[PDB]
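Student: As you go down the protein sequences, you meet chains A and A' in turn. A prime marks a further copy of an entry chain. Numbers in the deposited numbering are just positions in the first sequence, counted from 1, shifted up by 41. Numbers in the deposited numbering are just positions in the second sequence, counted from 1, shifted up by 41.
2 protein chains.
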Amino acid sequence: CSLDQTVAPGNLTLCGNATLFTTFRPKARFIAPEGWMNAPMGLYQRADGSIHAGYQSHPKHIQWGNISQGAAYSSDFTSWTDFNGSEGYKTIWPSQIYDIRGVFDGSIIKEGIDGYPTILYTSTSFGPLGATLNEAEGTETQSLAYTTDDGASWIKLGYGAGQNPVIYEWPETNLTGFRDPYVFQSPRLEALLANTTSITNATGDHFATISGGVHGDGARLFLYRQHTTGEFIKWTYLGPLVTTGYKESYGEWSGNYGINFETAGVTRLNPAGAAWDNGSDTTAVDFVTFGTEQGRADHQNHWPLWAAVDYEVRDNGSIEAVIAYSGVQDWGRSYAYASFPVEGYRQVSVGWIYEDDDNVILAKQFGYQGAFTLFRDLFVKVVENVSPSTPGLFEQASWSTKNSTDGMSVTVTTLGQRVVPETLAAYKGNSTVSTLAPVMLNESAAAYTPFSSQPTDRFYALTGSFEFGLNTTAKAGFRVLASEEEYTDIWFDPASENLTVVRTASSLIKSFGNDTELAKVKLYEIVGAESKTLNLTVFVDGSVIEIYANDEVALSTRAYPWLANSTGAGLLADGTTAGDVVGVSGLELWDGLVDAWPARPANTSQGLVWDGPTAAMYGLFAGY
Amino acid sequence: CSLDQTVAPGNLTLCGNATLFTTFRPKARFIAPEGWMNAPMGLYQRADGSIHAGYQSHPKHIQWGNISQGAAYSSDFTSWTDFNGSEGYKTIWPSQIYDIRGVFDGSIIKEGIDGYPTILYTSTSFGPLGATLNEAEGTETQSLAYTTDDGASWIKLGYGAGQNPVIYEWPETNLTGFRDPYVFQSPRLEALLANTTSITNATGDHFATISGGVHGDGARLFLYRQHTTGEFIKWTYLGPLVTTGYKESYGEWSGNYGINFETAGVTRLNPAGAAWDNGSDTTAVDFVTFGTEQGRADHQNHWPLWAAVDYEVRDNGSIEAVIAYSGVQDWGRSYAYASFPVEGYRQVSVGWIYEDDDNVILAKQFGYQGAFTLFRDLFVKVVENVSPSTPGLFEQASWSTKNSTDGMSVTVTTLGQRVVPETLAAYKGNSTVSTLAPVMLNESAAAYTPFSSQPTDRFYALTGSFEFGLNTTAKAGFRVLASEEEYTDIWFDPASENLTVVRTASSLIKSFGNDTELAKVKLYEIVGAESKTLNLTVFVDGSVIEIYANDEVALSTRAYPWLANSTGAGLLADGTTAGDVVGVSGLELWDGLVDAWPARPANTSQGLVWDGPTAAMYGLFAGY
Ligand SMILES: *[C@@H]1O[C@H](CO)[C@@H](O[C@@H]2O[C@H](CO)[C@@H](O[C@@H]3O[C@H](CO[C@H]4O[C@H](CO[C@H]5O[C@H](CO)[C@@H](O)[C@H](O)[C@@H]5O[C@H]5O[C@H](CO)[C@@H](O)[C@H](O)[C@@H]5O)[C@@H](O)[C@H](O[C@H]5O[C@H](CO)[C@@H](O)[C@H](O)[C@@H]5O)[C@@H]4O)[C@@H](O)[C@H](O[C@H]4O[C@H](CO)[C@@H](O)[C@H](O)[C@@H]4O[C@H]4O[C@H](CO)[C@@H](O)[C@H](O)[C@@H]4O[C@H]4O[C@H](CO)[C@@H](O)[C@H](O)[C@@H]4O)[C@@H]3O)[C@H](O)[C@H]2NC(C)=O)[C@H](O)[C@H]1NC(C)=O
Ligand SMILES: *[C@@H]1O[C@H](CO)[C@@H](O[C@@H]2O[C@H](CO)[C@@H](O[C@@H]3O[C@H](CO[C@H]4O[C@H](CO[C@H]5O[C@H](CO)[C@@H](O)[C@H](O)[C@@H]5O[C@H]5O[C@H](CO)[C@@H](O)[C@H](O)[C@@H]5O)[C@@H](O)[C@H](O[C@H]5O[C@H](CO)[C@@H](O)[C@H](O)[C@@H]5O)[C@@H]4O)[C@@H](O)[C@H](O[C@H]4O[C@H](CO)[C@@H](O)[C@H](O)[C@@H]4O[C@H]4O[C@H](CO)[C@@H](O)[C@H](O)[C@@H]4O[C@H]4O[C@H](CO)[C@@H](O)[C@H](O)[C@@H]4O)[C@@H]3O)[C@H](O)[C@H]2NC(C)=O)[C@H](O)[C@H]1NC(C)=O
Ligand SMILES: *[C@@H]1O[C@H](CO)[C@@H](O[C@@H]2O[C@H](CO)[C@@H](O[C@@H]3O[C@H](CO[C@H]4O[C@H](CO)[C@@H](O)[C@H](O[C@H]5O[C@H](CO)[C@@H](O)[C@H](O)[C@@H]5O)[C@@H]4O)[C@@H](O)[C@H](O[C@H]4O[C@H](CO)[C@@H](O)[C@H](O)[C@@H]4O)[C@@H]3O)[C@H](O)[C@H]2NC(C)=O)[C@H](O)[C@H]1NC(C)=O
Ligand SMILES: *[C@@H]1O[C@H](CO)[C@@H](O[C@@H]2O[C@H](CO)[C@@H](O[C@@H]3O[C@H](CO[C@H]4O[C@H](CO)[C@@H](O)[C@H](O[C@H]5O[C@H](CO)[C@@H](O)[C@H](O)[C@@H]5O)[C@@H]4O)[C@@H](O)[C@H](O[C@H]4O[C@H](CO)[C@@H](O)[C@H](O)[C@@H]4O)[C@@H]3O)[C@H](O)[C@H]2NC(C)=O)[C@H](O)[C@H]1NC(C)=O
Ligand SMILES: *[C@@H]1O[C@H](CO)[C@@H](O[C@@H]2O[C@H](CO)[C@@H](O)[C@H](O)[C@H]2NC(C)=O)[C@H](O)[C@H]1NC(C)=O
Ligand SMILES: *[C@@H]1O[C@H](CO)[C@@H](O[C@@H]2O[C@H](CO)[C@@H](O)[C@H](O)[C@H]2NC(C)=O)[C@H](O)[C@H]1NC(C)=O
Ligand SMILES: *[C@@H]1O[C@H](CO)[C@@H](O)[C@H](O)[C@H]1NC(C)=O
Ligand SMILES: *[C@@H]1O[C@H](CO)[C@@H](O)[C@H](O)[C@H]1NC(C)=O
Ligand SMILES: *[C@@H]1O[C@H](CO)[C@@H](O)[C@H](O)[C@H]1NC(C)=O
Ligand SMILES: *[C@@H]1O[C@H](CO)[C@@H](O)[C@H](O)[C@H]1NC(C)=O
Ligand SMILES: *[C@@H]1O[C@H](CO)[C@@H](O)[C@H](O)[C@H]1NC(C)=O
Ligand SMILES: *[C@@H]1O[C@H](CO)[C@@H](O)[C@H](O)[C@H]1NC(C)=O
Ligand SMILES: *[C@@H]1O[C@H](CO)[C@@H](O)[C@H](O)[C@H]1NC(C)=O
Ligand SMILES: *[C@@H]1O[C@H](CO)[C@@H](O)[C@H](O)[C@H]1NC(C)=O
Ligand SMILES: *[C@@H]1O[C@H](CO)[C@@H](O)[C@H](O)[C@H]1NC(C)=O
Ligand SMILES: *[C@@H]1O[C@H](CO)[C@@H](O)[C@H](O)[C@H]1NC(C)=O
Ligand SMILES: *[C@@H]1O[C@H](CO)[C@@H](O)[C@H](O)[C@H]1NC(C)=O
Ligand SMILES: *[C@@H]1O[C@H](CO)[C@@H](O)[C@H](O)[C@H]1NC(C)=O
Ligand SMILES: OC[C@H]1O[C@](O)(CO)[C@@H](O)[C@@H]1O
Ligand SMILES: OC[C@H]1O[C@](O)(CO)[C@@H](O)[C@@H]1O
Ligand SMILES: O=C1C=CC(=O)C=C1
Ligand SMILES: O=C1C=CC(=O)C=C1
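As C-alpha cells, this is what we get:
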C-alpha cells in the first residue's frame, strides 16, 4: 500500500484500516469524529442560543448498525465541538428491549418533560424492518427521553404501560414503515382544527408526523396531535396528512414519491424565513419536506423532496395536505433532510451526504463514511416581473404562477434554500479571497480556462453569474478538483434546462461512482431582459462538491481524485461563439474555508472493529 | 376483599396487589424482597468468607421476564443482607443485543478477569427459545462479566469479536437448549485428560458444562475446557459428558431424563464433603446434578435429579460420564439446584421452591412468587453393616452395594444431603425448643395426636425417629399447619417405601394445588436389628414445607391454609396395634426459627406494574 499521490494509485484495497482517513475527508463541515454516520437528528437551538446537532452514528464501523445519536454543538453552525461523556461522542444508544435494535431518527420538544428539552425518537426492536419486507407492529415504536444538561446526556422514560414506548399501535394495517417522528407547533393547524376538537378530544399545542406508507398503495405521512398541553405520553392519531400513489411522479421537476416516506417534516415559510401566523399571512406557504424510497434507479433508491400543500379539514377532525406543487430539495447524493426553528424567524434545514462507494471497496481504508450538507435557511423564493414567454412557465411543476391584473407579467413562488449567512461570513473571512475579472466566453474561449488565482488544497468556494442569450445553445460552468488527468465538470445547458456534474474523469481510482449528476433549473426570464442569468455557488470540501443555483437548486455529490495536484478550478465553455456569448461576472474564489472542528486532530480514527460471528446470527447489522 | 382469617376465605381474587404479601410468606429462608424469583445463580464464597447468592429475578412482576440477577450476602447461609445499588437489589440485567432477552443462569470463576470474581452466564437474544420450539444458534450464548466490588456490581466484557459473547457456536445441530454454564476446577478430569491434551490443545484449569439436548434424541450435557490457564475468552468443546435417551427413565427411584437438561453441575464428593483428589481417593465419587424437562406429567414437567458417574476417556480427548446409579435431589415442588464449593472441603447445594398456584390465580395478591430451599451440604452417604435381606437392596437403583468378603453384610453408598449446620444451629438457638417425651403408637393411638407443646405461628421445625417392625404394615408421620378444618399430613408407609404429603385438606382456598406428593425412601436394614428407623426432619416456613429423611431424601412442597389457627402439629398413626407398634423418639419442636432478613420490614412490596401492549407485540415476556 503506497500513499504516493504524485503517481497512479495502486491497489488501495491492500491499505490498512483508516490509512486513507485524511486523503478525501471534508474539513469545513459537520462530520462525525470517525466511523459511520447518516441522518441528522435531535436538532434544536439551546437556551444559550447555540445549536445542538445529533446524527445517526455507528462508531468504529463503516456500515450501519447499533444505531445511536452522536452529538455536537456550535454557536454559528460552522465551528463545532463534540460532546464527550461516558460513551464518547454518543448521547443516546440502544439500551432497552424497545430500542435495542437501534435509536433511529427523532426530533425535539423544546419545553417537554419537567420543562426540559425532550426527544421523541423511533425506538426499534426485533423483526423484519423495511418497506420491501413484512414488518410487524412493535418493531418500530416511538419513545421519549429528556436532557437535564443541555444534550450532554438523555434520560429515557421507563419501559411499560403509560411510559415508553409512547406510540406503538399502527394507525393503518400493512405499513411499509412507521418512523422518524417530527414534532412541531403550528398556529396554522391549531386554527384549522379548533372547530373539531370535540370529535378527537386532542387539544395540545404540539403535532407530530410519522413517516411510512402502505404495502402496494404508496407512501403516507401520519398526523398525530398531543392530547393535552403540558402532557407528553398521549398522542392522538388524527389521520394521514400526505397520501401519494405507489411510485407516483408529479413529473421531471419533482423526482418520484416511491413506496414509503422517511424523515418527513412540516413547516410554514414566508419570503423572509419561518412564518408563525395562523393563516392570516397571505405571503406564507405550508411545506412538507420528505425522503422517498424505491422510486429511483440510483442514488440508493432515495429522493429528498418537498411539496407546497393546501390544508383541508376532514369531517373526522383530521387534516388533508393537498399537494399544490412539488420539488426536489437536493438532486445529488444527499438524503434525510431535517429542518428546525432558529431565533429570528428562521427555519434551518440540513441533510446527509453519503459517499460514492456503494460496493464498500475502500470504506475500511477511509475509516469513516458520511458527512452533513451545509446548513440552509429555508424561505419562500418570490421572483417578480417574470416574462410570460419564459419556456414552460405555466406547467407550475415545482413553482406557482400568479398573473398581474393586465396578464403581461407573472409572480413566481417556490421553495428557496440558501447557505446560512454565518457559514458564508466565516468561510469568506477565514479564506484567501480572490476577486476575478469578468470574462466573456466567445469564439476564442478554450473548453477549460483556469482562474487567474488557484486553490491551494481541496477546501474552497467559487461563485459566478453566467449571463446567456434567451436563445443560447451554449453551455458553461465550472471545473473543480482539476489537474491535467483528473477533474470534475459542472455544466449548465440552458437549452435543455439541465445542470450536470460529469465525473467520468473525477478520479483515477475506478471503484468510486462516475455517473453524471443532473438537476433541472428554471431560469425565470424577466420582462424587458434580453438575457437570462444563472448564479452558481460551489463548495469543494475534501470529496464533497455542493452546488447551489439561484438560491433554489442544490446538488451535493462526491469526487475522489487521487493526485495531490487535482485541486485546480476554472471556467467551462461549450459552443460559445462571436454570436452566442456567455458573460461571466461576480467571479470569486474563497481558498481555505474554515476548520469546522478546531479541537479535533487531523486523524480522529480509533480503529475499526468486527462484531464477530454473532452479527450474522442476529441478522440485524452487517457487523463492520 | 376481607383479610379475616377467623372465618372462611372469600373471593380472594378481588383483593388488591400484594394484599396477601405477609399471609403465606416464608420468613426463615432466602427469598427476594418482592416479585418473581426462580433459579439460584452466581453462587460463591467471597474472599471475606461470606456467601454471595444470586437469583433469577423480575422485580415488580409475578411472572418471569427481563430476567436479571438479584443478589444478597450472608456470613452463615441463614441471616442475609440485600445488595442495594442503582438498580435496587439487581446486580446484572439485560443491557446488550446479546443478552437483552434475559440474563439466564451463570456460575463463578473465583479468580477470573484481572484476578476478579467472574461470572459465565447465558446471554439470551431474540428468537424462539425452548426445548419444544425450533431454537436457532445465537438465541442462547454464553458471556462473561467480572466484579471489582465483591458482587455490588458487574462489568460485562464488550460486545464483539474476541469478546462477548465468548461461546456461541452450537457444538451439535438441532439443540433443544444451550444454557446454564457451570464452571468448575477438577484435578480428576485434568488427570484423565493429561495424556490427550495434544489432540485438543485445551490445557486450562477450568472446565464448563452447558446444559441442553438434541431434538428427538434426549438430553445432553456438553463439556468445555478453558483453552489456556489465566485466559477466559477461549473455551474448547471436548464432547458430550452425559448422553441420555428421549424420556429415558432408570426407574421408580430415578425420575425421568426428559428431553433437555437445565442447570446441570459436576462435583466430586467423599463421606466428609467435597473431594479435591485426582482419582487417588477410593472413597470419593463423581456426581452430576441436573434438571430435566418434559419427562414428568406434573411439577411443571421438571425433575431435579443426580447421578453417580464413572468417567471414560474417548480417543478424541473428551470424557464420557457413564451413569453408575441415578437418584432424585428433591421429590417436590423444587428445581434448578446449584452447588458450589465452601471452605472446609464442603460442596453446598441450594434450589428454588416454586409456588403451588400454576393457574396464577392469587400471584398478584401475593405480590411475589418463589423462594429458595435451605442450603444443603452434599457428601457421600455410607451405610455399613446392611443386611442382605433388606428388600430390593441389589437393584442398586439410586445407590451402590459392596459385599463383605464373607457375603453376610453390605456397604451401601448414595448421595447424602443435610441442611448446613450453621442454619440448624441458628434455627435451634433462636427458637423456643420443646423436647418431647417418646411415644409408642399402638392400638390406643388416635389418627392424630397433637404434640404436648404447640407452635405459635407458621415458622417451626420438627424432628423424630420412627422405629418400625421389619414386617410392619403401619404408617406414621407428622401433621403440620393444622387446625380442625385445615392440615397437611406427612406419612411414611414402610410396606410401600413411600413418603407422602397429603394436601386434600391443606387449605380452604381451592385454587392452590392439593395433589399428594410422593418420595421413595429405602430403609437400609442393619445386620442384627429387629427394627428399621426413619429419621424425619420437617421445616415449616410460611407456606414452605421442607422434609428431610435420613440425610438422603428431600421433599419440598407448599401449603396455604387460610385460618390464623392452622399452625398446629403432632403425630400421625394408621394401622398401629398392640402387635404392630411404631416407636417415636428424639422428638423436638423448634418454634420460631430465625428472621432471615433482619433489615427488611414485613412488607417489602413496591407494587406491581404492567409492561403494556408491547409485551404481546415482542412476545418474549408475559408482561406482568
Ligand atoms: C430490565 O431491567 C432493567 C434494569 O432494571 C430496566 O432498566 C431500568 O429501568 C428502570 C425503571 O424504568 C430505570 O429507572 C429509572 O431511572 C431513571 C434515572 O435513569 C438515569 O439515572 C440512572 C441512575 O443513575 C445513577 O446510577 C448510575 C449507574 O451507577 C450513575 O452512572 C449515575 O451517575 C447515577 O449515580 C448516582 O445515583 C446512584 C444511585 O441511583 C448512586 O449509587 C451514585 O453514587 C450517584 O450519586 C442511570 O442508571 C440511567 O442510565 C441508564 O439509562 C440511560 C437512558 O436513560 C442509558 O443511556 C444508560 O446506558 C443506562 O441504561 C439513567 O442515566 C429515574 O429518573 C427513574 O425514576 C423516575 O421514574 C419513576 C417512574 O417510573 C419514579 O418512580 C421515580 O420517582 C422517578 O420519577 C420522578 O422523577 C422524574 C424527574 O426526576 C419526574 O419526571 C417524575 O414525575 C418523578 O417525580 C418525582 O420526584 C420529584 C422530586 O424528587 C417530585 O417533585 C415528584 O412529585 C415525584 O415524586 C427510574 O428510576 C433504570 O434507569 C433502568 N436501568 C437501566 C440500566 O437500563 C429495564 O427497563 C428492564 N426491561 C424490561 C423489558 O422490563
Ligand atoms: C451499542 O452501543 C453501546 C453504547 O456505546 C455499546 O455499549 C457500550 O460498549 C462499550 C464497548 O464495549 C462499553 O465500554 C466499556 O466500558 C467498560 C466499563 O463499563 C462500566 O463502566 C461504564 C462507564 O462508567 C462510568 O460512567 C457511568 C455512566 O455515567 C457511571 O455510572 C460510572 O460511575 C462511571 O463514571 C465515571 O467515569 C465516567 C466517564 O467514563 C465519568 O464521566 C464519571 O464522572 C465517573 O468518574 C458504565 O457505563 C458501564 O455500564 C454499562 O454496562 C454495565 C455492564 O457492564 C450495565 O450493567 C450498565 O447498565 C451499563 O449498560 C459499566 O458499568 C470499560 O471497562 C471498557 O474499557 C475496557 O475495555 C476496552 C476493550 O474493549 C479497552 O479499550 C479499555 O482500555 C478497557 O480495557 C482495559 O481495562 C480492563 C480493566 O480495567 C482490562 O481488563 C483490559 O485489559 C484493559 O486494560 C488496560 O488498562 C490497564 C490500566 O488502566 C492497563 O494495565 C492494561 O494494560 C490495558 O491498557 C469499555 O470502555 C460500554 O460500557 C457500553 N455502554 C453501555 C451503556 O452499554 C454496545 O455494546 C453497542 N452494541 C452493539 C451491538 O454494538
Ligand atoms: C396491580 O398490578 C398490575 C400489574 O400486574 C397493575 O397494572 C395492571 O396490570 C394488569 C395486568 O396484571 C393490566 O391488565 C391488562 O389490561 C389490558 C387492557 O388494558 C387497558 O384497559 C384498562 C382498563 O380500564 C386500563 O387500565 C389500561 O390502562 C393502562 O395501560 C395503558 C397502555 O395500554 C396506559 O396508556 C395507561 O396509562 C395505563 O397504565 C389499558 O388502557 C388487557 O388487555 C389485559 O387482558 C389480558 O389479560 C386478562 C386477565 O388475565 C384477560 O381477561 C384478557 O382476555 C387478556 O388475556 C389485562 O387485563 C392493567 O391494564 C394494568 N393497569 C394499569 C397499568 O394501570 C395495576 O395497576 C396494579 N394496581 C395498582 C392499584 O397499583
Ligand atoms: C480492521 O478493521 C476490521 C473491522 O472491520 C478488524 O476486524 C476484522 O474485521 C473483518 C471484517 O471487516 C473480519 O473479517 C471477517 O472474518 C471472518 C472469518 O474470521 C475468522 O478468520 C480470521 C482470519 O485469520 C480471524 O482473524 C478471525 O479472528 C477474530 O475473530 C474471532 C471470532 O470468530 C475472535 O475469536 C478472534 O479473537 C479475532 O478477533 C476469525 O477467527 C470472515 O468469515 C468474514 O467473511 C465475510 O466477508 C468477507 C469479505 O467481504 C468475504 O470474503 C466472506 O465470503 C464473508 O462474506 C470476514 O472476512 C476479520 O475477522 C476481523 N479481524 C479481527 C477481528 O481480528 C481488523 O482487526 C482491523 N485491523 C486492524 C489491524 O486493526
Ligand atoms: C444573481 O445574483 C445577483 C447578485 O446578488 C442578483 O441581483 C440582485 O437581486 C436582488 C433581488 O432582485 C436585487 O434587489 C439586488 O440589488 C441585485 N443586485 C445586483 C444586480 O447586483 C440577481 O438577482 C441574481 N439572479 C438570479 C436569477 O437569481
Ligand atoms: C437416625 O438418627 C440417629 C440420631 O442421630 C442416628 O444414630 C447415630 O448414628 C451414627 C452413625 O451410625 C452413630 O455413630 C451415632 O452415635 C448414632 N446416635 C444415636 C443412636 O443416637 C441414626 O443412625 C439415624 N438412623 C438412620 C437410619 O439414618
Ligand atoms: C500533477 O501531477 C501529475 C502526476 O504527478 C503530473 O504528471 C502533472 O504534470 C502535474 N500537473 C498538472 C497540472 O497536472
Ligand atoms: C487488489 O488486492 C486484492 C486484495 O485486497 C485482490 O484480491 C485484488 O485482486 C487486487 N487487484 C488487482 C491485483 O488488480
Ligand atoms: C489514523 O489513526 C488510526 C488509529 O490510530 C491508524 O490506524 C491509522 O493508520 C491512521 N491513519 C493515518 C492516515 O494516519
Ligand atoms: C379520518 O379520515 C381519514 C380519511 O378518511 C382516514 O384515512 C383516517 O384514518 C380517519 N381518522 C381516524 C379513523 O382516526
Ligand atoms: C396568465 O397570463 C398568461 C399570459 O398573459 C395567459 O396566457 C393566461 O391565460 C393567464 N391566466 C389567467 C388565469 O388569467
Ligand atoms: C473564521 O471562522 C470562525 C468560525 O466560524 C468565525 O467565528 C470567525 O468570525 C471567522 N473569521 C473571520 C470572518 O474573520
Ligand atoms: C380455629 O379457628 C376456626 C375458625 O375460626 C374455629 O372454628 C376453630 O374452633 C378454632 N380452633 C381449632 C383448633 O380449629
Ligand atoms: C371472584 O371474583 C371474580 C373477579 O375477580 C369473578 O370473576 C369470579 O366469578 C368470582 N368468584 C365467585 C363469585 O365465586
Ligand atoms: C404491602 O405494600 C404494598 C406497596 O406499598 C401495598 O400495596 C400493599 O397493600 C401492602 N400489603 C400489606 C399486606 O400491607
Ligand atoms: C468426540 O467424540 C464424541 C463421541 O463420538 C462426539 O460426540 C464429540 O462431538 C467429539 N468431539 C469433537 C468432535 O470435538
Ligand atoms: C453379594 O451378597 C449377596 C448375599 O450374600 C449374594 O446373594 C450375592 O451373589 C453377592 N454378590 C457378589 C458379587 O458376591
Ligand atoms: C440466631 O440466629 C443468628 C442468625 O443466623 C445467629 O447468628 C445466632 O447465633 C443465633 N442465635 C443463637 C443460636 O443463640
Ligand atoms: O438510521 C435510521 C434512519 O435513517 C433513515 O432510514 C433515513 O435514511 C430514517 O428513516 C431512519 O430513522
Ligand atoms: O430464568 C431462566 C433459567 O431458569 C431455568 O430455565 C431453570 O428453570 C434455567 O435453565 C435458565 O437459565
Ligand atoms: O472533540 C474531539 C473529538 C476527538 C478528538 O480527538 C478531539 C476532540
Ligand atoms: O435490604 C432491604 C430490602 C428492602 C427493604 O425495604 C429494606 C432492606
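All residues carry an ideal CB built from backbone N, CA and C; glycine is no exception.
For A/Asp-498, which residues of its own chain have a beta-carbon under 7 Å away from its beta-carbon, when the five flanking residues on both sides are left out?
Tutor: Taking the first sequence and counting its residues from 1, one reaches residue 498 of chain A at position 457. Here the set comprises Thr-608.
Student: Which residues, taken in chain order from the region 205 to 217 of chain A, show a beta carbon closer than 8 Å to some beta carbon of chain A'?
Tutor: For the region 205 to 217 of chain A, which is checked against every Cβ of chain A', the residues closer than 8 Å are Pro-206, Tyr-209 and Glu-210.
Student: Under the criterion of a Cβ to heavy atom distance below 7 Å, does A'/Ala-59 qualify as lining ligand 21?
Tutor: The residue given as residue 59 of chain A' occupies position 18 in the second sequence. A'/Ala-59: no, Cβ never under 7 Å from ligand 21.
Student: With C-beta atoms as the reference, is A'/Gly-653 less than 8 Å away from A/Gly-168?
Tutor: Indexing the second sequence from 1 puts residue 653 of chain A' at position 612. Indexing the first sequence from 1 puts residue 168 of chain A at position 127. Contact flag unset, no.
Student: For the beta strand (DSSP E) that contains A/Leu-604, what are its first and last residues?
Tutor: On the first sequence, residue 604 of chain A is found 563 positions in, with the first residue counted as 1. Segment: none, A/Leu-604 is in no beta strand (DSSP E) and carries neither H nor E.
Student: Just checking A/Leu-522 against ligand 7 - is the residue's beta carbon closer than 7 Å to any of the ligand's heavy atoms?
Tutor: To locate residue 522 of chain A, count along the first sequence from 1; it is residue 481. No, since every heavy atom of ligand 7 falls outside the 7 Å radius drawn around the Cβ of A/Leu-522.
Student: Could you name the residues whose beta carbon sits closer than 5 Å to any heavy atom belonging to ligand 6, keeping them in chain order?
Tutor: Having a Cβ closer than 5 Å to some heavy atom of ligand 6 are A'/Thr-574, A'/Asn-576 and A'/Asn-591.
Student: Looking only at its own chain, which residues have a Cβ that is under 7 Å from the Cβ of A'/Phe-420, when we skip the five neighbours before and after it?
Tutor: Within the second sequence, numbered from 1, the residue matching residue 420 of chain A' stands at position 379. So the qualifying residues of the chain are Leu-310, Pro-312, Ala-313, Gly-314 and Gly-457.
Student: Please list, in chain order, the residues of the region 632 to 654 of chain A that have any C-beta partner in chain A' closer than 8 Å.
Tutor: Per Cβ criterion, the list reads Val-650, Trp-651, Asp-652, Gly-653 and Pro-654.
Student: Measure the CB-CB distance between A'/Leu-577 and A'/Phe-533 and report whether it falls below 8 Å.
Tutor: Here residue 577 of chain A' corresponds to residue number 536 of the second sequence, with the count starting at 1. Here residue 533 of chain A' corresponds to residue number 492 of the second sequence, with the count starting at 1. Contact: yes.
Student: Cβ of A/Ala-202 less than 8 Å from any chain A' Cβ?
Tutor: Residue mapping note: residue 202 of chain A aligns to position 161 of the first sequence, counting from 1. Yes, its Cβ sits closer than 8 Å to a Cβ of chain A'.
Student: Of all residues in the structure, which have a C-beta closer than 5 Å to any heavy atom of ligand 21, taken in chain order?
Tutor: Chain-ordered list of matching residues: A/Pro-74, A/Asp-123, A/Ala-640, A/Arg-641 and A/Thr-645.
Student: Alpha carbons only, please: which of A/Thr-514, A/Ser-439 and A/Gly-518 is nearest the one belonging to A/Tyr-565?
Tutor: In the first sequence, residue 565 of chain A corresponds to position 524, counting from 1. Cα-wise, what sits closest to A/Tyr-565 is A/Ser-439.
Student: For ligand 16, which residues have a Cβ under 7 Å from at least one heavy atom, in chain order?
Tutor: Listed by chain position, these are A'/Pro-212, A'/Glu-213, A'/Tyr-278, A'/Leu-279, A'/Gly-280, A'/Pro-281, A'/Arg-355, A'/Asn-357 and A'/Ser-359.
Student: What is the rounded straight-line gap between the Cα of A'/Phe-553 and the Cα of A'/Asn-342?
Tutor: Counted from its first residue, the second sequence places residue 553 of chain A' at position 512. Counted from its first residue, the second sequence places residue 342 of chain A' at position 301. Straight-line Cα distance between these residues: approximately 18 Å.
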